[PDB]
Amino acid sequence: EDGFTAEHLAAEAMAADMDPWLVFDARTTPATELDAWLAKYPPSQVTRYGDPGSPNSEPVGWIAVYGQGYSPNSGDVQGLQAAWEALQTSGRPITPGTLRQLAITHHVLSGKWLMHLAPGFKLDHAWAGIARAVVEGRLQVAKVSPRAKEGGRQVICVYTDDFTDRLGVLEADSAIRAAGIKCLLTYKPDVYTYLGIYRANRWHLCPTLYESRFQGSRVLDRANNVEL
């Protein structure tokens, strides 16, 4: 019964993020309370490790805001990973087109707009507006990463549920832009993330579907090379 030993059970229960998260749950907390929460927990003050001087004395993996109607839904992540590894043995060609296929089959359709900023006002102000858009129902979920010990750059993630829905992608872009964010957004679908389609790529696939630059907002399909 090796699976029950200390050695094994130690390795078995590891995750990359084992930390508490700072959360505003709109489904559960009145919208009117957001501003005291935003004020108490800004991402430029809240540290990854709960350093002296932070609002938090415990390490924090993420700061998150959940809108009403937020529910977990993955499709069939198991089937997907099975199907994905079946293609490596296939010899078959692997394109952004083939991953799109996989995700449609397995109902793993969600994804995120990512953007990064350096700690300080612009990060706090952008976060605040994005949080506010979650709580109103214009966005479903957003997270922002807490502050690293040394300078660093922090990310904001804005989730949408279906990446093949051009219009839901753009509405999330519109919402981010209406909060006054001027920087580059890049849209990474959860499939890429689940199938480990990271930056330095084995299959040399681009880990980014869309990008959005403030010119206005021009949204480029990095798959078909076409302005949405």
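Note that residue numbering follows the sequence shown and begins at 1.
Just going by the entry, 204-212 versus 16-24 on mean CA temperature factor gives the higher value to 204-212. Averaged over Cα atoms, the B-factor as recorded in the entry is higher for 190-198 than for the other of 169-177 and 190-198. When the C-alpha B-factors of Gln140, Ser145, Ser110, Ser71 are read from the PDB record, the largest value belongs to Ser71. Of the candidates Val134, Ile156, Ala128, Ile94, it is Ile94 whose Cα B-factor is highest according to the PDB record.
Ranked by C-alpha B-factor against the other modelled residues of its chain, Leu123 falls in the lowest third. Among the modelled residues of the chain, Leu87 sits in the highest third by CA temperature factor in this PDB entry. In the deposited entry, the Cα temperature factor of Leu114 sits in the bottom third of values across the chain's modelled residues.
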